[PDB]
file coords.pdb (PDB, N, CA and C atoms)
ATOM      1  N   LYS A   1    -185.650 -32.162-103.849  1.00  0.00           N
ATOM      2  CA  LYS A   1    -186.906 -31.912-104.532  1.00  0.00           C
ATOM      3  C   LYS A   1    -187.634 -33.239-104.758  1.00  0.00           C
ATOM      4  N   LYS A   2    -188.357 -33.662-103.731  1.00  0.00           N
ATOM      5  CA  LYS A   2    -189.101 -34.909-103.804  1.00  0.00           C
ATOM      6  C   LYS A   2    -190.457 -34.728-103.118  1.00  0.00           C
ATOM      7  N   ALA A   3    -191.445 -35.445-103.634  1.00  0.00           N
ATOM      8  CA  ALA A   3    -192.787 -35.374-103.084  1.00  0.00           C
ATOM      9  C   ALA A   3    -193.167 -36.735-102.497  1.00  0.00           C
ATOM     10  N   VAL A   4    -193.895 -36.685-101.392  1.00  0.00           N
ATOM     11  CA  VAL A   4    -194.328 -37.901-100.725  1.00  0.00           C
ATOM     12  C   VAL A   4    -195.604 -38.419-101.394  1.00  0.00           C
ATOM     13  N   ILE A   5    -195.837 -39.713-101.231  1.00  0.00           N
ATOM     14  CA  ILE A   5    -197.011 -40.341-101.810  1.00  0.00           C
ATOM     15  C   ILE A   5    -197.410 -41.550-100.962  1.00  0.00           C
ATOM     16  N   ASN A   6    -198.683 -41.581-100.595  1.00  0.00           N
ATOM     17  CA  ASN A   6    -199.201 -42.671 -99.785  1.00  0.00           C
ATOM     18  C   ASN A   6    -200.398 -43.304-100.497  1.00  0.00           C
ATOM     19  N   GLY A   7    -200.351 -44.624-100.605  1.00  0.00           N
ATOM     20  CA  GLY A   7    -201.421 -45.359-101.259  1.00  0.00           C
ATOM     21  C   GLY A   7    -200.861 -46.495-102.117  1.00  0.00           C
ATOM     22  N   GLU A   8    -200.760 -47.665-101.502  1.00  0.00           N
ATOM     23  CA  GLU A   8    -200.245 -48.833-102.195  1.00  0.00           C
ATOM     24  C   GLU A   8    -201.383 -49.802-102.521  1.00  0.00           C
ATOM     25  N   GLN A   9    -201.278 -50.415-103.691  1.00  0.00           N
ATOM     26  CA  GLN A   9    -202.287 -51.363-104.132  1.00  0.00           C
ATOM     27  C   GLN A   9    -201.835 -52.062-105.416  1.00  0.00           C
ATOM     28  N   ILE A  10    -201.830 -53.386-105.361  1.00  0.00           N
ATOM     29  CA  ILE A  10    -201.421 -54.181-106.507  1.00  0.00           C
ATOM     30  C   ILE A  10    -202.651 -54.858-107.115  1.00  0.00           C
ATOM     31  N   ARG A  11    -203.633 -54.036-107.454  1.00  0.00           N
ATOM     32  CA  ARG A  11    -204.862 -54.541-108.044  1.00  0.00           C
ATOM     33  C   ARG A  11    -204.724 -54.629-109.565  1.00  0.00           C
ATOM     34  N   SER A  12    -203.532 -55.014-109.998  1.00  0.00           N
ATOM     35  CA  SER A  12    -203.257 -55.142-111.419  1.00  0.00           C
ATOM     36  C   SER A  12    -203.544 -56.571-111.880  1.00  0.00           C
ATOM     37  N   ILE A  13    -204.817 -56.831-112.140  1.00  0.00           N
ATOM     38  CA  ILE A  13    -205.236 -58.149-112.588  1.00  0.00           C
ATOM     39  C   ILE A  13    -205.733 -58.057-114.032  1.00  0.00           C
ATOM     40  N   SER A  14    -205.659 -59.186-114.722  1.00  0.00           N
ATOM     41  CA  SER A  14    -206.096 -59.246-116.107  1.00  0.00           C
ATOM     42  C   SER A  14    -205.273 -58.278-116.958  1.00  0.00           C
ATOM     43  N   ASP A  15    -204.270 -58.831-117.625  1.00  0.00           N
ATOM     44  CA  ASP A  15    -203.405 -58.030-118.475  1.00  0.00           C
ATOM     45  C   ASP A  15    -203.937 -58.058-119.908  1.00  0.00           C
ATOM     46  N   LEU A  16    -205.219 -58.375-120.025  1.00  0.00           N
ATOM     47  CA  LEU A  16    -205.858 -58.439-121.327  1.00  0.00           C
ATOM     48  C   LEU A  16    -205.332 -57.303-122.206  1.00  0.00           C
ATOM     49  N   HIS A  17    -205.514 -56.086-121.717  1.00  0.00           N
ATOM     50  CA  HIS A  17    -205.065 -54.912-122.445  1.00  0.00           C
ATOM     51  C   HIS A  17    -203.834 -54.319-121.754  1.00  0.00           C
ATOM     52  N   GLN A  18    -203.063 -55.200-121.133  1.00  0.00           N
ATOM     53  CA  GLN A  18    -201.861 -54.779-120.434  1.00  0.00           C
ATOM     54  C   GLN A  18    -200.717 -55.758-120.709  1.00  0.00           C
ATOM     55  N   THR A  19    -199.569 -55.455-120.121  1.00  0.00           N
ATOM     56  CA  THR A  19    -198.396 -56.296-120.294  1.00  0.00           C
ATOM     57  C   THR A  19    -197.502 -56.227-119.055  1.00  0.00           C
ATOM     58  N   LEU A  20    -196.973 -57.382-118.681  1.00  0.00           N
ATOM     59  CA  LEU A  20    -196.103 -57.467-117.520  1.00  0.00           C
ATOM     60  C   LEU A  20    -194.687 -57.045-117.918  1.00  0.00           C
TER
END
call {"tool": "encode", "arguments": {"input": "coords.pdb", "output": "structure tokens"}}
result
Amino acid sequence: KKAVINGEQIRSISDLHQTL
């Protein structure tokens, strides 16, 4: 029971309101 997913992107810039 697994679903496929296509679409990669590391546009995670500015962690102002985020955290690594």
call {"tool": "atom_distance", "arguments": {"input": "coords.pdb", "atom1": "atom C of residue 4 of chain A", "atom2": "atom N of residue 17 of chain A"}}
result
28.7 Å
call {"tool": "atom_distance", "arguments": {"input": "coords.pdb", "atom1": "atom N of residue 18 of chain A", "atom2": "atom N of residue 5 of chain A"}}
result
26.2 Å
call {"tool": "atom_distance", "arguments": {"input": "coords.pdb", "atom1": "atom C of residue 20 of chain A", "atom2": "atom N of residue 8 of chain A"}}
result
19.9 Å
